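Engineer: Sharing a structure, written as structure tokens. Questions coming.
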Amino acid sequence: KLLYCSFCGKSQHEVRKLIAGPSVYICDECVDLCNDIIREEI
Amino acid sequence: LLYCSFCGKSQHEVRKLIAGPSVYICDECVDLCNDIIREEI
Ligand SMILES: [Zn+2]
Ligand SMILES: [Zn+2]
């Protein structure tokens, strides 16, 4: 039942949303991080 | 080569590949994540 974000290791119970990939996951928190990285801004 | 773990595109076919412990996500998939999270197109 436990699913984990592949980037930070948090479970679905720890984040607001966990997005599925083939055999991976990424949570809303890491997405925020990806946006800063792509947009090169804080 | 390194590939986005979500769409499968290589590091040669995308603008940026972000790395995790042993996973990657490209700029294109991140855009899809923003749509998913913001529930908007
Ligand atoms: Zn995460
Ligand atoms: Zn991708």
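Every chain in the structure tokens has a letter given in the order shown (A, B, ...), and although residue numbers restart at 1 in each chain, ligands are simply numbered from 1 in the order shown.
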Compute the chain A side of the contact with chain B at 9 Å, counting only C-alpha atoms, and hand it back as a PyMOL selection string.

Structural biologist: chain A and resi 6-8+17+19-26+28+31-32+34-35+37-38

Engineer: Selected residues, C-alpha atoms, written as a compact mmCIF listing (two decimals), in the first residue's frame, please.

Structural biologist:
```txt
# COMPACT_ATOMS: atom_id res chain seq x y z
CA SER A 6 11.39 8.38 -6.28
CA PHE A 7 13.16 11.69 -5.66
CA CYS A 8 12.67 12.52 -1.96
CA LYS A 17 0.01 14.44 -4.61
CA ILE A 19 2.38 11.47 -9.78
CA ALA A 20 2.96 8.07 -11.35
CA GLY A 21 5.45 7.20 -14.05
CA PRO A 22 6.09 3.71 -15.52
CA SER A 23 7.84 2.41 -12.40
CA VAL A 24 8.43 5.73 -10.67
CA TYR A 25 6.80 8.53 -8.70
CA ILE A 26 7.39 12.23 -7.99
CA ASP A 28 4.28 17.86 -5.51
CA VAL A 31 7.79 19.23 -8.66
CA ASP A 32 8.17 22.63 -6.98
CA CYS A 34 11.94 21.00 -10.60
CA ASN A 35 10.22 24.27 -11.47
CA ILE A 37 15.56 24.28 -11.58
CA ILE A 38 13.97 24.72 -15.00
```

Engineer: Run DSSP on the backbone and tell me which residues of chain A come out as strand (DSSP E); list them as a list in words.

Structural biologist: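 Restricting chain A to strand (DSSP E) produces residues 18, 19, 20, 25, 26 and 27 of chain A.
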